[PDB]
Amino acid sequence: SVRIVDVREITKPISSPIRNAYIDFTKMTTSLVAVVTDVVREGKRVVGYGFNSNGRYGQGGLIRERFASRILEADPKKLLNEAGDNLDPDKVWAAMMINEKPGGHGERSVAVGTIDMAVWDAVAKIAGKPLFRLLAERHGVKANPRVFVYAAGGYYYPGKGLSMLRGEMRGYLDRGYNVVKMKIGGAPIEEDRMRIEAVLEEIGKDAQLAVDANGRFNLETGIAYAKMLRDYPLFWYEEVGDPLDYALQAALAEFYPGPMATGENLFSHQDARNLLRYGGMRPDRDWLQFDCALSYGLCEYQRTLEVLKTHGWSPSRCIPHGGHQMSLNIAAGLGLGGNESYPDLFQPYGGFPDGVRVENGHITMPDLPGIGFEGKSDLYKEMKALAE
């Protein structure tokens, strides 16, 4: 017998005075989800866990009312694979998406995405394999435990000066990060320049810098910053203008030869397809940052990957936003370009299993069953507290 007995959720606050060009995290929250099954492995009932990335808020309401419900009410015998010995992720996904009209991909995409995370976590556990291994298997490829990761921070903070900004970055390098990212568009262009120069000097030749405007710029501002930014050897210029202003993104290629990135705020394969159709991005050097946790989960992310395939893009151009382990697993199993990471932020949600550290901007995925949340004690404590 294979059945999801319960779907629990709990809203957790991950707010600080932190700020980017678009928002501040004063009221930021996130949803911690648990998919409780009746399957037993190791004399212990298998439970899937998941949570949504920072930035979009928790989705407790949606998870209870529309999705947790549709699963629990579905005929358990219709959510299994051929063998009937495990849950079929796609069948569960389809189950929670019945009676959902097209378009409007936001908020509910976060609820479904976070539930999906837990479903896959459970499935991998039921199969007794690490999610990333199971993924590679399903795709008929060999996984690669080594995953590139970069440290994201450099937020605007009340009373934070060049001194501290510097400290923060150095702190990341001390952790083994060879690539750091930072917020811009939150200060006048010239004050920003000074903040950028301050980090380039601190990291010297031990790391590369990436800047993120959080989609705050209009065309002219984006170009102004481009002219200023292009004189520095930046790793990438992220989300210049509004996530949906594909024309703006395309126009930028004329002023910024260096790699650009965007996509963290596009939550469906349809929206991803539009970016590849109209964004004018360069497939040989730009990065796609779609986050499965906020975009209907891995079941959907697989469709997005198929979209890349139809447009000639390599999955290695993907570096998911979110800084969570689900992405680490997808990256390792399907060959993504890497993953985002938040060393000192939104903890314990995210991070890496206890022990493994960042050596040369990389980490090595330990062979833990499922996503591997159990390996991170401070995070797992929260999860087993929700459901066990």
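We number the residues from 1 along the sequence you see.
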property: Per the entry, higher mean C-alpha B factor between 139-147 and 261-269; result: 139-147
property: Greater mean Cα temperature factor according to the PDB record, 271-279 or 113-121; result: 113-121
property: Which of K44, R64, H324, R56 ranks first by CA B-factor in the deposited coordinates; result: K44
property: Candidate residues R193, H105, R216, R317, the one whose C-alpha B factor the record puts highest; result: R193
property: Relative C-alpha B-factor of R285, binned into the chain's lowest, middle or highest third; result: middle
property: Record-listed C-alpha B factor of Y380: chain third; result: highest
property: Chain third (lowest, middle, highest) by recorded CA B-factor, residue given as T310; result: middle
property: Ranked against its chain, the third holding the CA B-factor of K205; result: highest
property: Cα B factor band for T364 (lowest, middle or highest third within the chain); result: highest
